[PDB]
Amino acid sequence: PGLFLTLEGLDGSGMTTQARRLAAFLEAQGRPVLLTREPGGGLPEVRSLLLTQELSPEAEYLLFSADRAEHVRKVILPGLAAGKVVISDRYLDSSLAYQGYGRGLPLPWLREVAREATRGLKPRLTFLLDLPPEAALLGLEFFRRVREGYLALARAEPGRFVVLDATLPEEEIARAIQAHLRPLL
């Protein structure tokens, strides 16, 4: 059957740690799991470029989208087809937050592009690890737009987003995530 779960938030919100703890939880339960991430899960070279290059928001988004399109087709959908729980550390909501709310691109266009890039694939649950930019493990105005952008996305889809306080101890966050996930297993 397969279950698709994502993690989202600012860099340093503990997403990689929590994706690893979630994967381990599922391993403990005997449930096959695939852990993956964006950018780079589709086209690793995109990650390397976005690291080095200054690009227009449109070009940045379109590169992210290409990576995502490959990621969905070659990694995520085949994992789900095998009945795995697939966890992605970042997915489309990251582009919406950073390129949309952060860099100002219009959301309906972002979503139209994404419609064919993702083959319409949506996470069943998305865990947003919310904190102020100053708490992540001026220049801050961008990151505040992104943080508020994520909160905006979450309030628009309360049936998909679970918003957690990312400044809580690591173990407590993991237990909150497990609690939210248990009904879906």
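The first residue of the sequence shown is number 1, and the count goes up from there.
In the deposited sequence, the stretch from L49 to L50 has no residues without coordinates, so the chain runs on without a break. Annotation for 60-68 versus 139-147: the higher mean temperature factor (C-alpha) is found in 139-147. Taking the mean C-alpha B-factor of each stretch as recorded, 79-87 and 92-100 are not equal, and the higher mean is that of 79-87. Of the candidates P123, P132, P32, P39, the deposited coordinates give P32 the top C-alpha B factor. Among the modelled residues of the chain, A176 sits in the highest third by CA temperature factor in this PDB entry.
When the modelled residues of the chain are ordered by C-alpha B-factor, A156 sits in the lowest third. In this PDB entry, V163 carries a Cα temperature factor that places it within the lowest third of its chain's modelled residues. Among all modelled residues in its chain, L26 ranks in the highest third by Cα B-factor. Among all modelled residues in this chain, the alpha-carbon of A117 has a temperature factor (C-alpha) in the middle third.
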